[PDB]
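Chains as they are written, first to last, in the entry's author numbering: chain A, 6 to 295; chain D, 6 to 148; chain S, 2213 to 2592, 2770 to 2802.
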């Protein structure tokens, strides 16, 4: 029983913090928490970790959702969410039942400026939920209304947020535009209202530099929305070619860094729904194959 | 019983802090503690305050002597010690028995530089002990 | 109006007492001459505006329009403006104080009252108002260190149909502690709204029990008013334990909160449908535990709160009219914790049917053997159960005999 009980005790013991004023007294215990949780790599220990960590009376996520005077808890999120993000798909076969509790767990307050260290994963955890749980009942059911209210308010805020969360807002709005059921067929049209001018604004109109994250977020948001409203009826030469040229414009690397999501949106939509825009091929040549 | 019970409740209720990361989340509760303790000005309420505050299971001084991860607790000392310094001789007839516990209560860690806000009263409380208890058995005995 | 104008330019006085005199004298001025004055808004545009590092650039004159609402004066009789909205947002920008003395804002308690102002009398400005006001209110929480709870707390009880967007995100963010701020957020939750259905999973967490009694008197009443306002739909499995400390708020000091307790209990007994004795339902436990406090609540030292239960038990709710069934019901009303007062309470409940009798105009014999008399005396707490009749004071209505019986019975065992 050594293998199971070792991790069980190493998790049960380190179930309380002592966050106070001292030398790095707000990061080290959480670092140990993460570095001891990572050792879970077998199905048995993975099941035990999913039972313990995703409990409601104890675990990392419970006090993450309960620590709200969280100025020095931003480092705790910085560690735990950035660990669980990789954890949810590195080994995620066991954890079906608690993605709803994970959605309850994510949360947001920060200074408006250049950075705060949890602005990367704050919605990237929900992006991993999008990737992990796809068409399943874990989605299309659980309060997508709260998201399309609050984050639509975030988009109407009109760039009063830094880069890292603005990318995620555009991306997650675009992907939530793909979860069709039960809501917002009428509000889907507003996405173009921005995505028509702002994508031109970001990349080649040098008013603001074509830095990668804003471009990647704007493209990913603009891309995922045409998963529905199929263009076999109308708008193939209107909103499936003059944004498609924008997709080509964005896929090419505006700098040689060429990060993951900057071209990923276009190629992903190409692999998924190239079948929708079809009248364009009547004149469009495929000589760009090389 | 309104006069006594009012101060008794206003002290018993505010017996726990919530020191965390927020806008002035390390000073305001202690400021309220001090500004509600100052209202004690009669011999009965002075006796009640000396019984409650100078207890060992609860009170300001107990957690002052127990808060040692005390970077943001320096403001708590800044308030409580600077209040009790004036408190010990503004009205100090009642408090004979616990000057030894006060001597146990004072304590010291700080950055070496130009200032830290508890470097004024840290030994000035013991100076007030010198002034208050003079030739008495409270001194010449205790360590 | 032009006499008012100079004060409207200069209400400010560094002495606060003369400032109160100024406010009171303008209040009397508008209280006597309300039908001879008008309100030019250009005189008041700058009475709320300004831009300083903390406060009071061109404005300390806030009670100016506070008097308007307090004494029944309609606004916007003179025409509006497209940029009357800055009158809102500039004062909202006054949030950045570092004031040390529990005021938290020169941003007006009164400013949010536009939703109250312009609902009964319809002007369309509020609809464009609210959206942008809320946008900037959610944004500037990260501008500088100060709290926006007051920006809902003082505008509470204003336009309830849209007063709930804040909680929709705040509940994940600022569940409250810290005393006075805790009471402010209690008053914030006091707004009645449908926006929450599944939130009782929050109270499925325990410690809303000792916090109930954190600070004395009126501060904590919203906590019980929570259950009060969500009573209709519940299946109170957890109000079992939640009412257990309420068993001890008889032991915990309060009077207004105890009155709210008694109202809660009075609704409970009637509304789990006590006569609906379903054979299988779990309400049997709460039956007896609710009776456990419903009986003893009469022991409470507030005489008015004793009477509020004395009249309550005397309705057809449990106590019948038939004399021997009445004896048995009160006989059934005994509890081990009321033995000290049971005799007085039993006789009190018994003699009320004598207290209502149409035979009072029939004194015992009424035969006029003597002539007349009357008198009254008072020298200082007193007592009141005397009255004079047609005969000398020898013969009075029967109430004069029964009432002192229970009067003394409440005192001497």
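From the three backbone atoms N, C-alpha and C, an ideal C-beta is built for every residue, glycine too.
Expected contact under 8 Å - CB spacing of residue i and residue j to nearest Å
i: residue 39/D; j: residue 85/D; result: 7 Å
i: residue 20/D; j: residue 63/D; result: 6 Å
i: residue 2303/S; j: residue 2323/S; result: 5 Å
i: residue 2467/S; j: residue 2517/S; result: 7 Å
i: residue 236/A; j: residue 245/A; result: 5 Å
i: residue 2306/S; j: residue 2318/S; result: 5 Å
Span separating the alpha-carbon of residue i from that of residue j
i: residue 2378/S; j: residue 2371/S; result: 14 Å
i: residue 2440/S; j: residue 2478/S; result: 11 Å
i: residue 2546/S; j: residue 2773/S; result: 31 Å
i: residue 183/A; j: residue 256/A; result: 21 Å
i: residue 89/A; j: residue 2347/S; result: 32 Å
i: residue 213/A; j: residue 2401/S; result: 44 Å
i: residue 72/D; j: residue 2284/S; result: 55 Å
i: residue 2543/S; j: residue 2537/S; result: 9 Å
i: residue 2358/S; j: residue 2310/S; result: 8 Å
i: residue 2382/S; j: residue 2268/S; result: 30 Å
i: residue 65/A; j: residue 51/A; result: 15 Å
i: residue 49/A; j: residue 2388/S; result: 40 Å
i: residue 2297/S; j: residue 2503/S; result: 56 Å
i: residue 92/D; j: residue 44/D; result: 11 Å
i: residue 60/A; j: residue 67/A; result: 8 Å
i: residue 2529/S; j: residue 2506/S; result: 13 Å
i: residue 2524/S; j: residue 2559/S; result: 16 Å
i: residue 171/A; j: residue 164/A; result: 7 Å
i: residue 23/D; j: residue 2397/S; result: 17 Å
i: residue 2216/S; j: residue 2405/S; result: 42 Å
i: residue 142/D; j: residue 102/D; result: 10 Å
i: residue 2247/S; j: residue 2393/S; result: 42 Å
i: residue 35/A; j: residue 14/A; result: 16 Å
i: residue 2428/S; j: residue 2390/S; result: 14 Å
i: residue 2339/S; j: residue 2326/S; result: 11 Å
i: residue 197/A; j: residue 204/A; result: 10 Å
i: residue 2264/S; j: residue 119/D; result: 32 Å
i: residue 215/A; j: residue 2349/S; result: 31 Å
i: residue 173/A; j: residue 56/A; result: 30 Å
i: residue 2465/S; j: residue 2438/S; result: 20 Å
i: residue 2244/S; j: residue 2275/S; result: 18 Å
i: residue 2363/S; j: residue 2333/S; result: 23 Å
i: residue 2586/S; j: residue 2580/S; result: 15 Å
Proximal residues to residue i (C-beta, below 6 Å), its chain only, five neighbours per side dropped
i: residue 2431/S; result: 2395
i: residue 2273/S; result: 2223, 2259
i: residue 233/A; result: 185
i: residue 270/A; result: 224, 225, 228
Own chain residues within Cβ distance below 8 Å of residue i, not counting five before or after
i: residue 123/D; result: 79, 82, 83, 86, 115
i: residue 249/A; result: 282, 285
i: residue 2555/S; result: 2798, 2802
i: residue 46/A; result: 96
i: residue 2575/S; result: 2778, 2779, 2780, 2784, 2785, 2786, 2787
i: residue 2399/S; result: 2365, 2368, 2434
i: residue 2290/S; result: 2250, 2251, 2252, 2253
i: residue 54/D; result: 12, 16, 42, 45
i: residue 2386/S; result: 2361, 2397
Own chain residues within Cβ distance below 7 Å of residue i, not counting five before or after
i: residue 138/D; result: 104, 144
i: residue 2321/S; result: 2366
i: residue 18/A; result: none
i: residue 188/A; result: 149, 150, 153
i: residue 125/A; result: 169
i: residue 121/D; result: 79, 115
i: residue 2288/S; result: 2335
For residue i, the residue or residues it bridges with in DSSP
i: residue 26/D; result: 75/A
Cutoff 9 Å: residue i Cβ touching any chain C Cβ
i: residue 211/A; result: In summary, chain C is missing from the structure at hand, where the protein chains are A, D and S.
Worksheet item: Does the stretch 168 to 180 of chain A come close enough to the stretch 213 to 227 of chain A to have 3 or more Cβ pairs within less than 8 Å?
Response: Yes, since at least three Cβ pairs between the stretch 168 to 180 of chain A and the stretch 213 to 227 of chain A fall closer than 8 Å, the two stretches touch.
Worksheet item: Is the stretch 15 to 34 of chain A touching the stretch 67 to 79 of chain D in the sense that three or more CB pairs, one from each, lie closer than 8 Å?
Response: Contact annotation: the stretch 67 to 79 of chain D touches the stretch 15 to 34 of chain A, with at least three C-beta pairs closer than 8 Å.
Worksheet item: Any chance the stretch 2452 to 2468 of chain S sits against the stretch 2420 to 2435 of chain S, with 3 or more Cβ pairs inside 8 Å?
Response: The stretch 2452 to 2468 of chain S is in contact with the stretch 2420 to 2435 of chain S.
Practice prompt. Inspect the CB distances between the stretch 138 to 147 of chain A and the stretch 157 to 165 of chain A and report whether three or more fall short of 8 Å.
Written response: Two segments are said to touch when three or more pairs of C-beta atoms, one from each, lie closer than 8 Å; by this definition the stretch 138 to 147 of chain A does not touch the stretch 157 to 165 of chain A.
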